[PDB]
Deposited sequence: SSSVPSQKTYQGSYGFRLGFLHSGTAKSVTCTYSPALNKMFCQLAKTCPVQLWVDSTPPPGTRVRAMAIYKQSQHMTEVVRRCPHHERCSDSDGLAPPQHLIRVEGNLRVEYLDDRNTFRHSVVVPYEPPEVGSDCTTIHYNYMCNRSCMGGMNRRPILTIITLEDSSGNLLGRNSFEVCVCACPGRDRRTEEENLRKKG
């Protein structure tokens, strides 16, 4: 009955975890992940690699879904959407969707008929031989600050592993801040965490 999807971490029977490349906090970096905050800082429309880790290999036909939700209680029931400006500015991705996947010939974009929430889905592919994870290249097509979209409200990205039958196999999430200067904003929030948290 809820229109708010779960954000509860569920590693599940396949040991599903997310991973992120080690970047620095240089003021001009295009993205950087804070493990202390479980938070990705990245720039508008630029690659944001997410690693998928599993302890056991999911069955054939497993799918990987990404969806954004507002992190604060007072905004959780509102659907996260592209702002009118960037919407009016790919072909496969409808202009209303915040999250895109690049580099994948099998991407599917969903608008839920009951909850109206947007998600983007790709097939799960096992890591190549010798590699321990699979990487998906996400793109966030608005800044957190965009008026008429996120309007400065923080968001979570929820990644779910789902089998072809629709069984939830795993769930993980991270906060995302799409901003002009990811390195500066990570440094500021981490400093604020240490001194005022």
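Asker: What are the C-alpha gaps when you align the coordinates back onto the deposited sequence?
Answerer: No C-alpha for residues 90-92, nothing else.
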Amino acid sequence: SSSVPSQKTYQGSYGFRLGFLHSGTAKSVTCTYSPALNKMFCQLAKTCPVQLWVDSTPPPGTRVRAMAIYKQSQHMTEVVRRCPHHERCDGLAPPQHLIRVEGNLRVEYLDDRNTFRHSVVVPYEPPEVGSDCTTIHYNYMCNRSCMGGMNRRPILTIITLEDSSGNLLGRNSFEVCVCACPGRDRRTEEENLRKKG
From here on, numbers count along this sequence of modelled residues.
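Asker: Tell me which stretch, 8-16 or 170-178, has the higher mean Cα B-factor listed in the entry.
Answerer: Mean C-alpha B-factor is greater for 8-16.
Asker: Hey, which bit's got the bigger mean C-alpha B factor in the entry, 37-45 or 127-135?
Answerer: On average, C-alpha B-factors are higher across 127-135.
Asker: Pick out which of 106, 117, 86, 97 has the highest C-alpha B-factor in the PDB entry.
Answerer: Of the options given, 86 has the highest CA B-factor in the PDB entry.
Asker: Is residue 62 in the lowest, middle or highest third of its chain when residues are ranked by C-alpha B-factor?
Answerer: Ranked within chain, residue 62 CA B lands in the lowest tercile.
Asker: Rank-wise, by C-alpha B-factor, drop residue 155 into the lowest, middle or highest third of its chain.
Answerer: For residue 155, whose C-alpha B-factor we compare with every modelled residue in the chain, the answer is the lowest third.
Asker: Quick check on the deposited entry: does the C-alpha B-factor of residue 31 sit in the lowest, middle or highest third of its chain?
Answerer: Middle third - that is where residue 31 ends up once the chain's C-alpha B-factors are sorted.
Asker: Report the third (lowest, middle or highest) to which the CA temperature factor of residue 146 belongs, ranking only the modelled residues of the same chain.
Answerer: For residue 146, the deposited C-alpha B-factor lands in the middle third.
Asker: Where does the C-alpha B-factor of residue 79 rank in its chain, lowest, middle or highest third?
Answerer: For residue 79, whose C-alpha B-factor we compare with every modelled residue in the chain, the answer is the middle third.
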